[PDB]
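Structure record follows, encoded as structure tokens.
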Amino acid sequence: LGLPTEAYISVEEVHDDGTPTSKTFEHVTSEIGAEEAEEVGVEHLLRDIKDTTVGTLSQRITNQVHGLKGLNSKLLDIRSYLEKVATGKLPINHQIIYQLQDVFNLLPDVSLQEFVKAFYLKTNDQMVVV
Amino acid sequence: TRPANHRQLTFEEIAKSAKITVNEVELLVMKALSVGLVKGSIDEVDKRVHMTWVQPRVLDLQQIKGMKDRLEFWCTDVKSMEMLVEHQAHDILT
Amino acid sequence: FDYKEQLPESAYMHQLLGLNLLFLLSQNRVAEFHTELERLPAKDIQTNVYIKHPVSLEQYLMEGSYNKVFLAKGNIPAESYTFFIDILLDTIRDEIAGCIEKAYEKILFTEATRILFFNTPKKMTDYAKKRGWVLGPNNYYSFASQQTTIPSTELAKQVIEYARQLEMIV
Numbered sequence: 131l132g133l134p135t136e137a138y139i140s141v142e143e144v145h146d147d148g149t150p151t152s153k154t155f156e157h158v159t160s161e162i163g164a165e166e167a168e169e170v171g172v173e174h175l176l177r178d179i180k181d182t183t184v185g186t187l188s189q190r191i192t193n194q195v196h197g198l199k200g201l202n203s204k205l206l207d208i209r210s211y212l213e214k215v216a217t218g219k220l221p222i223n224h225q226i227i228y229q230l231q232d233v234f235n236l237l238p239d240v241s242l243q244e245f246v247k248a249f250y251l252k253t254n255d256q257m258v259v260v
Numbered sequence: 283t284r285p286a287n288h289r290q291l292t293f294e295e296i297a298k299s300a301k302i303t304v305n306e307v308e309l310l311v312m313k314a315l316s317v318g319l320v321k322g323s324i325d326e327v328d329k330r331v332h333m334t335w336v337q338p339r340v341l342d343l344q345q346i347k348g349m350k351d352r353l354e355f356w357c358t359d360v361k362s363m364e365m366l367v368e369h370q371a372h373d374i375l376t
Numbered sequence: 176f177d178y179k180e181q182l183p184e185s186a187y188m189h190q191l192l193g194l195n196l197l198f199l200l201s202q203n204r205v206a207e208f209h210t211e212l213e214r215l216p217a218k219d220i221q222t223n224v225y226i227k228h229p230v231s232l233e234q235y236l237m238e239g240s241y242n243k244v245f246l247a248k249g250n251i252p253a254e255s256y257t258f259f260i261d262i263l264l265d266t267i268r269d270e271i272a273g274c275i276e277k278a279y280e281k282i283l284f285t286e287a288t289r290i291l292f293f294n295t296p297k298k299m300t301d302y303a304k305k306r307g308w309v310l311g312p313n314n315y316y317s318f319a320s321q322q328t329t330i331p332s333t334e335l336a337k338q339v340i341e342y343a344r345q346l347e348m349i350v
């Protein structure tokens, strides 16, 4: 589901939280990129098991299925962490809770009539093109 | 507390909440938006307030158990839709 | 109907044929009624009274003159056409109730009594004790007010079907 690399930077600062502060890690956004001279080698090594660099309908449907898989796995991880913090095994991480609050704030409303009408309009346009 | 399904708060609701008659819920919501506590708009013609955000804060164990329940539901829905799509498209998945 | 040629004409036949037609009316089997009419001779439907009377009753009923079909109780060609008229009365009241169902938003008790012919007013609760469209006799009976979500799962099923038919090698 995810990349093989997790990045951490050691930050030690007085917790504005007001809690005892200990020198611990903080996650850093990570990505996989390649030089061109490394892209050539990577592609050559993967030539036999490579996928098409184009969206073929079967592969696009498969990509959507994999997206659903990833979303389910992430939601399961969050639910397990919530279980643990609720029961008491782990402490309440305020940044985690803030981000979860923002996520639930960000969930859309799909039963709205003004949205249902636009959705049906766009679906009909796409279906007439099809 | 209000879920995104029916986050349309009403003037009467805010009146039954912190004690004020419905002639300054408008000003109170204006102050909230200006300070940055919430986001959205106020349709005072229909006498309701649309909230599309809240400033997150720190919560309680029960407030997190509620979030756990909501997740449980969301995970169930995602898994059901995943199974449906996978079974339906089984013959074209690469 | 089978051995018409060999057997002779039965003068005591059309009475029973009309009796069966009236029974079909009463049971509300209109399709069978019309198949029976088609089986019958074309001339008889007009020349005769025994067959014509059930034909006229069904004609009134399907035209919608419920008052006329009620008034047509008296003209019974023979006494045999009895208690079938009563089952037909029950069926007529059921049909009127179906009209009230599919139409007539917000109907009242007095007009309902006048239209859907009930028994004595003390028995006016009939068909509300049995058919009972959760009437809720709110004085006016409200007709119980008897009479927005994306079907995303179904639409996704259809779209995946399109993708399947496009991607299958055949």
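Protein chains in written order, with full-length UniProt numbering: chain A, 131 to 260; chain B, 283 to 376; chain C, 176 to 322, 328 to 350.
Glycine included, C-beta positions come from ideal geometry on N, C-alpha and C.
In the DSSP annotation of this structure, the continuous segment of the alpha helix (DSSP H) that includes C/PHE198 starts and ends at 189-202. Contacts with chain B at 9 Å (Cβ-Cβ) do not include C/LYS281. B/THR292 sits in a strand when the DSSP states are folded into three classes. Burial state of C/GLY193 is buried, judged by a 10 Å Cβ sphere holding 16 or more other Cβ atoms.
Only residues of its own chain outside the window of five on either side were considered, and among them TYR138, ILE139, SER140 and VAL141 have a CB closer than 8 Å to the CB of A/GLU156, listed in chain order.
Comparing alpha carbon positions, the residue from C/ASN223, C/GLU347 and C/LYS281 closest to C/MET188 is C/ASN223.
Annotation: A/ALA164 to A/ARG190 spans about 24 Å, alpha carbon to alpha carbon.
At a cut-off of 9 Å between beta-carbon atoms, B/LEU353 makes contact with chain A. Boundaries for C/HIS209: no beta strand (DSSP E) harbours it, while the alpha helix (DSSP H) harbouring it runs 205-214, taken from the DSSP string. Given a length threshold of 4 residues, each whole run of the alpha helix (DSSP H) inside the stretch 163-238 of chain A is given here in chain order: 166-175, 187-217 and 224-236.
Ranked by how close their Cα comes to the Cα of C/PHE258, the residues C/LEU200, C/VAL230 and C/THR333 have C/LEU200 in first place.
A straight line joining the alpha-carbon of B/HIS369 with that of A/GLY200 spans about 17 Å. In this structure, A/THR192 keeps its C-beta atom at 9 Å or more from the C-beta atom of B/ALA300.
For C/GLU347, the chain B residues whose Cβ falls inside 8 Å of its Cβ are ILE374, in order along the chain.
Assigned with DSSP and collapsed to three states, B/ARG330 falls in strand. For the stretch 233-249 of chain A, the beta-carbon criterion of a distance under 8 Å to any beta-carbon of chain B is satisfied by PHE234, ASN235, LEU237, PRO238, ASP239 and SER241. The C-alpha of A/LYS252 is placed about 10 Å away from the C-alpha of A/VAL246.
Close partners of A/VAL260 in chain C (Cβ separation under 8 Å): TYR342.
Going by DSSP, B/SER323 is part of the beta strand (DSSP E) stretching over 320-325. The residue from B/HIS332, B/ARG352, B/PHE355 and B/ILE346 with its alpha-carbon nearest to that of B/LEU315 is B/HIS332. When only Cα atoms are considered, C/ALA287 and C/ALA278 end up about 13 Å apart. Within the model, the alpha-carbon separation for C/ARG204 versus C/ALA336 is close to 42 Å.
The three-state secondary structure of C/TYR235, taken from DSSP, is helix.
The C-beta distance from C/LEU236 to C/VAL244 rounds to 5 Å, short enough to fall under 8 Å. Distances from the alpha-carbon of C/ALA343 to those of A/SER188, A/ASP207 and A/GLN225 put A/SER188 closest. Interface criterion met: the Cβ of A/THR253 is under 9 Å from a Cβ in chain C. C/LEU197 sits buried, since 16 or more C-beta atoms from the chains shown fall within 10 Å of its C-beta.
The secondary-structure analysis by DSSP pairs A/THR154 across a beta bridge with A/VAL141. Counting only the Cα atoms, C/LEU264 lies some 10 Å from C/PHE292. Short of 7 Å from the beta carbon of C/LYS281, and not among the five residues preceding or following it, lie these beta carbons of its own chain, in chain order: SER317 and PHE318. CA-CA distance, B/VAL340 to A/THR182, rounds to 47 Å. Buried is the label assigned to B/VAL307, since at least 16 other Cβ atoms lie within 10 Å of its Cβ. B/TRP356 carries a helical assignment under DSSP once its states are collapsed to helix, strand and coil. Around the Cβ of C/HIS228, a 10 Å sphere holds 16 or more other Cβ atoms; the residue is buried. Listed along the chain, the chain B residues whose CB falls inside 8 Å of the CB of C/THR295 amount to none; the nearest CB is some 50 Å away.
CA-CA distance, C/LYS218 to C/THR210, rounds to 16 Å.
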